[PDB]
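Engineer: My sequence and its experimental structure, below.
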Amino acid sequence: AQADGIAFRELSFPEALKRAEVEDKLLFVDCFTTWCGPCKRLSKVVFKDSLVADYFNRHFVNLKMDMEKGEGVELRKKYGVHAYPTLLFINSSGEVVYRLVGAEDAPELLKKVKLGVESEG
């Protein structure tokens, strides 16, 4: 059996914004720490579901952002990293709508995504 899931692309900051605009809209910035840790856990369970992957890959433009190289230090300091996995939901304008600090289980994660982009009250 062979099934994969979410696969983030890797391109530079200018390329990211440009690609978001041209491909569709919105940039899903996967910020990870060199530690890895939970990153592979999500890669295990979440990166097997076609629906969760499709929703992310289609409704956003995916990007894996470095935190050790590639000007990562600025985003690290400016967006306030606290742990290892950090998800940044950013518009093509270069403004974030929500900073997800931490990682929870797949259903909860998907939930946090929606609540971050479209906050109900």
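Structural biologist: Structure's in. What do you need? Numbering: from 1, shown residues only.
Engineer: can you give me the helices in this protein?
Structural biologist: With DSSP state H as the criterion, the chain has helices at 13-23, 38-45, 50-59, 72-78, 106-117.
Engineer: list the buried ones in the fourth one?
Structural biologist: In this case it means helix 72-78. Residues of helix 72-78 classed as buried by neighbour count (16 or more other Cβ atoms under 10 Å): 72, 75, 76. From N, CA and C alone the C-beta is placed, and that goes for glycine too.
Engineer: Number of residues surrounding the nearest residue to the first one once chain neighbours are set aside?
Structural biologist: Pointing back at residue 72 there. The shortest distance from residue 72 to any non-neighbouring residue, by Cβ to Cβ, 6 or more residues apart in numbering, is to residue 66 (4.5 Å). Applying other Cβ atoms under 10 Å, we find 15 residues neighbouring residue 66.
Engineer: can you tell me which residue is nearest the centre of the chain?
Structural biologist: With distances taken as Cα atoms, centre = their mean, residue 30 lies nearest the centre of the chain, 3.2 Å away.
Engineer: wait, it sits on residue 61?
Structural biologist: No. The criterion here is Cβ atoms under 8 Å, and residue 30 misses it with residue 61 at 11.5 Å.
Engineer: Show the contacting residues for residue 95.
Structural biologist: Applying Cβ atoms under 8 Å, 6 or more residues apart in numbering to residue 95 gives no contacts.
Engineer: Next, find the distance separating the residue nearest to residue 96 when sequence neighbours are not counted from residue 70.
Structural biologist: Spatially, and ignoring its direct neighbours in sequence, residue 96 is nearest to residue 90 (4.5 Å; Cβ to Cβ, 6+ apart). Distance from residue 90 to residue 70, counting by Cβ to Cβ, to the nearest Å: 16 Å.
Engineer: rewinding a little: ok, the residue nearest to the centre of the chain to residue 120 distance?
Structural biologist: 25 Å.
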